[PDB]
Amino acid sequence: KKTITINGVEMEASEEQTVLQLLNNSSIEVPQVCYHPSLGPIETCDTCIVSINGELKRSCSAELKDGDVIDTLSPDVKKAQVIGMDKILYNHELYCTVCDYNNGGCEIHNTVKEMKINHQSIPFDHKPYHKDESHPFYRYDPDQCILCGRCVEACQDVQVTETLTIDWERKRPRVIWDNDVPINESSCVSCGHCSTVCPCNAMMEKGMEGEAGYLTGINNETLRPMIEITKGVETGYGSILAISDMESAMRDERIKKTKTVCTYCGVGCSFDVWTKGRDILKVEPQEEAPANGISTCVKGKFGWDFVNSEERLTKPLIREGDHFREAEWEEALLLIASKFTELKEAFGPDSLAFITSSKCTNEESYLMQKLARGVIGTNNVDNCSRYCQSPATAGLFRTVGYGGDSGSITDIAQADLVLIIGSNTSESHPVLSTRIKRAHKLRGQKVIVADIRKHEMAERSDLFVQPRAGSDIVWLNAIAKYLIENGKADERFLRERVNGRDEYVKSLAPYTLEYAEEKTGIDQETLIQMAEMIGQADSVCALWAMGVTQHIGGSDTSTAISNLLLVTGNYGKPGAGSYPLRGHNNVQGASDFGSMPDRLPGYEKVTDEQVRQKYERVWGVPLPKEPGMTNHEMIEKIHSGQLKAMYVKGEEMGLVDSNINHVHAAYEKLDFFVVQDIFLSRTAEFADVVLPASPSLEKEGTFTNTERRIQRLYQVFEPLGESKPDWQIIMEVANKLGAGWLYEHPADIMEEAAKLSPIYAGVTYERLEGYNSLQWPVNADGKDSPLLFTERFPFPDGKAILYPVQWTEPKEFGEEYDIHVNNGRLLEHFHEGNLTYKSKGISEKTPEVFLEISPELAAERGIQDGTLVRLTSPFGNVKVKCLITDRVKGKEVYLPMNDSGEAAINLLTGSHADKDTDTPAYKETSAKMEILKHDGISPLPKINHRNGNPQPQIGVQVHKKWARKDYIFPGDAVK
Amino acid sequence: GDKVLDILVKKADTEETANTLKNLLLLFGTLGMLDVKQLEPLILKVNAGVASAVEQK
Ligand SMILES: CC(C)=CCC/C(C)=C/CC/C(C)=C/CC/C(C)=C/CC/C(C)=C/CC/C(C)=C/CC/C(C)=C/CC1=C(C)C(=O)c2ccccc2C1=O
Ligand SMILES: *SC1=C(S)[C@@H]2Nc3c(nc(N)[nH]c3=O)N[C@@H]2O[C@@H]1COP(=O)(O)OP(=O)(O)OC[C@H]1O[C@@H](n2cnc3c(=O)[nH]c(N)nc32)[C@H](O)[C@@H]1O
Ligand SMILES: Nc1nc2c(c(=O)[nH]1)N[C@H]1C(S)=C(S)[C@@H](COP(=O)(O)OP(=O)(O)OC[C@H]3O[C@@H](n4cnc5c(=O)[nH]c(N)nc54)[C@H](O)[C@@H]3O)O[C@H]1N2
Ligand SMILES: CCCCCCCCCCC(=O)O
Ligand code: SF4
Ligand code: SF4
Ligand code: SF4
Ligand code: SF4
Ligand code: FES
Ligand SMILES: [Mo+4]
Ligand SMILES: [S]
């Protein structure tokens, strides 16, 4: 439809709105410098001038109206594009041969080569501004800035950090952070969008700077004169452009660009990691990345210094006396195998419990569970999901039947309303929050953030309401009652794909709007208006992170949320559904491959005859009928003497579990302990033998992110020292246990698990090549399911069931535990920071843990900033610094987990867990407030991103540039 | 080597040297533009003329 003619030849139009998309699909060589597919039309480079309807206009923003005439080889359009690129090069020095970004992907270089230009009519003029190297990760070079606005559009529209603007009013326009604050002192999240989206080397990572190529490591005092020499020597750009292409080929040999998936959080963003030997030069996202595309956070794009950190354990460590001796691989393997055989043939395999890391690949968790069941014969396996996703998955089983998100992050963006409850998506799953904020700022989607704290998203939400600690169930079920009672609920969906509507309504009888108003401490008007919005919203996406699921009734309120969507009728609809925020990069993958003790790989319960018979046939070893014990209850079993040995890999559970005094006592109580961590973590300190893990960069596997996407990794580095990828270590351990495993590369493990797992039936390494990713469930034909519950639910009847649940009383200690401290995670730091702390930049941004305290409570208790304070709970006693901010309200305070010493929050939390899944109630914590030091150094430096003031504007605001008298449009300049 | 390169660039960065190299490249380009197939008879005639000129004692 919408017939068009381009280049004098008839062509058809597609859903694309602008001429530039059609030209790209038609492979017309139209210069497009300022256009990025994810960014959208920025219209600031004017090199995309084409003749639409005869008039010269920007093809990047020219609407593809029916019947228009398109010409691109005309002398007029060629002259306009040449003038535009000359204006661009007036702002770009263009020293391609000695420029780090000339890895062949630089749009100025490519476009300049494509136009076959040889001269710039306007000579290059250095801007008066100096390079801004304040940031420890990426620098900005206003001399090389071409003012294309891609970085500003990224920071304002696709990442919505809003730290970047452009001072068009200035005599020399440039990119400015906040109000021209230096970069470090500004509100820059350090997400890396500006660096990734920059066409030129204007906004480029300091890792590349002076390290990308061969001639770019030359000192600036002796590189700049060479640049001036070449400027004054070459007459045509063609020859030196060819020389720069040779230098790009130069870089190609030394620069290794391998795809990987970020290990930190469950968004599972995939990107190439441009390295030079062992150091990491750049983290370059690609538009083809499924989970993020170009989107990235500070962790995944500047947090990989832990791989090359000297603290990394290169050799196996054995607990010799009172020290850790650096022992050989073979002797450590023999020791662990002999000890495991001893405690297996003495007290039985049931007294053996092993933990896989949710940070490791699917092959890793599958190998853990196989070693437990197909080798040891026990079922005691778990991961962080016991603390993270056990109640969410339990609720999904109880209502929908499938664990994981209902769809992809693209479906999150496509939603009309996002119901985020207990989620610090801005600081925990950053890229998903960028998608949500992009849809809110641009697509007009309204979101309802419901959490006690006021994070970045809460202050940027359509309706932010803070309920009481764990009181999400009350107001949520009241909202569901109102929706189902006033007729706004989708009754057709209820009759079609839902069961037990009247039973759920009977369960909702005691729940009233005033009841929720009293319980949650929230006014009735906000609840009624958000319920009206939910009823009116066509598509609803409900995200619930640990703020709600990590509670005594966390499973109950997870079922409540899921059946709330069920009543609303969002499952199966494109762009709407339940998206429990999977925390670790592969916590979803670990749970998929039988990490939880009650289920096998394929998300099948262990107490099923058919699956047990199939796993016996494939493995050759009988399956333990007795379900394994939960991770949290393991410590109590140890204190009762039931458990004696642990094999926990890549999980520092001695510091992240509730009441870490209790896990410390259990650790000192148990006999044999083997841990598998890249760094000498807190758990690694208490271990009879330490096995040197390998980070996901140095190992190949498959990461299953929150969107139930299984994306294959690549071996970025050979493992440091002689340490091995965790799958290799597990294979060696099992072989020393008489397993007989033969897996040369993890593809065999992946295909074996695919055969075993009904949900993973179709995932294979040849189907996961490059950036291709499959979202479980996948059938044997290889066709995945991007949206869950699209046609039918997994239940035998094909229709989901509403689960009757009530408000489970939070285990608040009561009495002297007045102040209710809240525990979470910061954006820059990852849990205790076994990885981020090893990166110098993140340490500079956030050096130490802090206790965020409310201004109201700063008056009655008389507390100030930079003060060391004491928090005491029947399970711990921490000494943490203090921070003054309005993010927290009243007594409730925020204590991020970004310290691993005496200041870790996990001392205060107790051994009270959920009824359904025994998930510790980390969010249910209370303590004292003791003032130790009145005057001290503020834990949050001025260079932290929370101290800045972002400028919220939509787009690059080009209209300000167009209002400048000096600016002239090339289309009417050629005239 | 860094010091050697520094000395080389700091001595060369003068506009005279950059102009010299640019004009050498331009001279090569122009000599390429000049067609020499027709210039061989001209060279032979110049040879004969120089021989005649030096022939005059
Ligand atoms: C007789 C005897 C034995 C004598 C011994 C002593 C003696 C006289 C020795 C000779 C000394 C001499 C003359 C040495 C010169 C030759 C040598 C050895 C050179 C090596 C030194 C180096 C490192 C030279 C630079 C080589 C090189 C390729 C540099 C990169 C050029 C740069 C910086 C380009 C930047 C650049 C610019 C400026 C553009 O405008 C542009 C526009 C469009 C596309 C790309 C570009 C681009 O890349
Ligand atoms: S799980 C998990 C992992 S694994 C991973 N951890 C992580 C992440 N990012 C970074 N930068 N560092 C890390 O260590 N991302 C991943 O996060 C996953 C869990 O993240 P959450 O989004 O659950 O994170 P936090 O605990 O920081 O934020 C939770 C918010 O919940 C609110 N809240 C607290 N108690 C609440 C309550 O009783 N009711 C409600 N409705 N909300 C509550 C607070 O506002 C916290 O900010
Ligand atoms: N108070 C409180 N406590 C909590 C929580 C809370 O909200 N509040 N949250 C709970 C939850 S959800 C979780 S995730 C836990 C976090 O606890 P874990 O899931 O154990 O996470 P981390 O300690 O961040 O990472 C564990 C270790 O993995 C190692 N590692 C990193 N990459 C790899 C790899 O590729 N292979 C291997 N083998 N090891 C690797 C790192 O060195 C690090 O020491 O905290 C839990 N504890
Ligand atoms: C009376 C004037 C006599 C002029 C002679 C000029 C030189 C003639 C011879 C030229 C030569 O072969 O060198
Ligand atoms: S930014 Fe691009 S065009 Fe400019 S010098 Fe670097 S590689 Fe060349
Ligand atoms: S938040 Fe920081 S890294 Fe991200 S786009 Fe803005 S300035 Fe760049
Ligand atoms: S710094 Fe930003 S505006 Fe300047 S050239 Fe790079 S991407 Fe464009
Ligand atoms: S958002 Fe999460 S997965 Fe994506 S790059 Fe950042 S840390 Fe990695
Ligand atoms: S792509 Fe349209 S002006 Fe740059
Ligand atoms: Mo987690
Ligand atoms: S996790």
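Residue numbering for chain A follows Swiss-Prot; the residues present correspond to positions 4-978, in that order.
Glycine is no exception: its Cβ is also placed from the backbone N, Cα and C atoms.
Swiss-Prot names A:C148, A:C151, A:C154 for binding [4Fe-4S] cluster 2. Of A:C63, A:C99, A:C201, the residue it gives for the same site is A:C201. Of the listed binding-site residues, namely A:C201, A:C265, the sparsest Cβ surroundings within 10 Å are found at A:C201.
Same-chain residues lying 6 or more positions outside the domain '4Fe-4S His(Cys)3-ligated-type' (A:79-119) and placing a CB less than 8 Å from one of its CB atoms are 32-36, 48-54, 59, 125-130, 146-151, 201-204, 207, 211-216, 218-219, 221, 226, 229-230, 233, 240-241, 243-244, 246-248, 250-251, 254-255, 258, 277, 287, 973-974, 976-977. Listed in chain order, the extra residues whose Cβ falls within 8 Å of the Cβ center of the [2Fe-2S] cluster site residues A:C37, A:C48, A:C51, A:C63 are A:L23, A:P34, A:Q35, A:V36, A:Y38, A:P44, A:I45, A:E46, A:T47, A:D49, A:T50, A:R61, A:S62, A:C151.
Cβ packing within 10 Å was compared across the binding-site residues A:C148, A:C151, A:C154, and the lowest neighbour count falls to A:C148. If you take the Cα of A:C272 ([4Fe-4S] cluster 4 binding site) and the Cα of A:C201 ([4Fe-4S] cluster 2 binding site), they are about 19 angstrom apart, rounded to a whole number. The list of residues near the domain '4Fe-4S ferredoxin-type 1' (A:139-170) in space but at least 6 beyond its ends in sequence, with Cβ under 8 angstroms from a Cβ of it, reads 36-37, 39, 41-43, 45, 47-48, 91-92, 94-96, 111, 129-130, 132-133, 176-181, 183, 186-187, 189-210, 212, 297-298, 301, 304-305, 437, 440-441, 443-445, 463, 843-844, 847-848, 948, 951, 953-961, 963-964. Separation of the C-alpha atoms of A:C51 ([2Fe-2S] cluster binding site) and A:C151 ([4Fe-4S] cluster 2 binding site): 12 Å, rounded to the nearest whole number. Sitting within 8 Å of the Cβ centre of A:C148, A:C151, A:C154, A:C201, and not among those site residues for [4Fe-4S] cluster 2, are the Cβ atoms of A:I149, A:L150, A:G152, A:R153, A:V155, A:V178, A:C197, A:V200, A:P202, A:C203, A:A205, A:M206. Here A:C300 ([4Fe-4S] cluster 4 binding site) comes close to A:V192, A:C194, A:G195, A:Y267, A:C268, A:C272, A:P433, A:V434, A:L830: these same-chain residues lie at least six apart in sequence, with C-beta atoms under 8 angstroms from its C-beta. In sequence order, the binding-site residues near A:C48 ([2Fe-2S] cluster binding site) (Cα within 10 Å of its Cα) are A:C151, drawn from A:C151, A:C154, A:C201, A:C265. Within 10 Å (C-alpha to C-alpha) of A:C37 ([2Fe-2S] cluster binding site) lie the following binding-site residues from A:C148, A:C201, A:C265: A:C201.
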